[PDB]
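The data below hold one chain only, encoded as structure tokens and taken in the form deposited in one PDB entry.
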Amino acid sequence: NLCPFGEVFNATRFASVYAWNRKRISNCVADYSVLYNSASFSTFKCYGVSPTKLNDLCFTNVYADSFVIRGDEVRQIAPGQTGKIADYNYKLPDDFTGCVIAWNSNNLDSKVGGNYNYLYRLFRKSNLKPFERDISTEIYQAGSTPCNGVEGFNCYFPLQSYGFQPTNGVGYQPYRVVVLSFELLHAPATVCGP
């Protein structure tokens, strides 16, 4: 009854960062080695916990949030960061405990003519709270006149599409990101190591 981390990391399709996906992992035995002994990853940043010891530990739940961003924004998926992704799309708390794993997916998420299916939120009335997901598609009102649901003067589309082209520089290429959060409640622990 291994934990279904394969269906998270090896998922054929990933979500947009504004609509980031969450998979709850529970009642499972996990082998985190397969993750931290892999050579397929570009970023593997852990916070408040050692992955090398995750197989000796137990947890109530593990949340696996996955999405796609561009390379130069992977730095934003960390506690205490700012910018469009951290403010408007996916925000980590200061007391984050878990790991942030990313790898270049240019061969999968870019295509000739551009892949415009991956979007991120460009405007918002306020910064997101930790782990808040906003899938609003309302025209952003930047001025005094209501927008009446259409784009116009001082009223902008809230979401912006990534221009993923195979010729993009590496910092503008798509990167698939998986954020593992480890939850310990005053309850039985159901995600454990071998």
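When you see a residue number, it is the position in the sequence shown, counting from 1. Take the two forms, find the largest set of C-alpha atoms that superpose within 1.5 Å, and that set is the rigid core.
Of the two stretches examined, 40-48 and 26-34, the record assigns the greater average C-alpha temperature factor to 26-34.
Taking only CA atoms, the mean B-factor in the PDB entry is higher for 5-13 than for the other of 5-13 and 171-179. Of the candidates 130, 163, 158, 152, it is 163 whose Cα B-factor is highest according to the PDB record. Out of 64, 58, 142, 69, the entry records its largest CA B-factor for 58. Residue 126: CA B factor in the lowest third of modelled residues in this chain (values from the PDB entry).
Per-chain ranking of the deposited C-alpha B factor places residue 111 in the highest third.
Below, we turn to the form deposited in another entry, even though it does not appear here.
Superposing the rigid core between this form and the one not shown leaves a single residue from 148, 27, 40, 127 with a C-alpha shift of at least 2 Å: 148.
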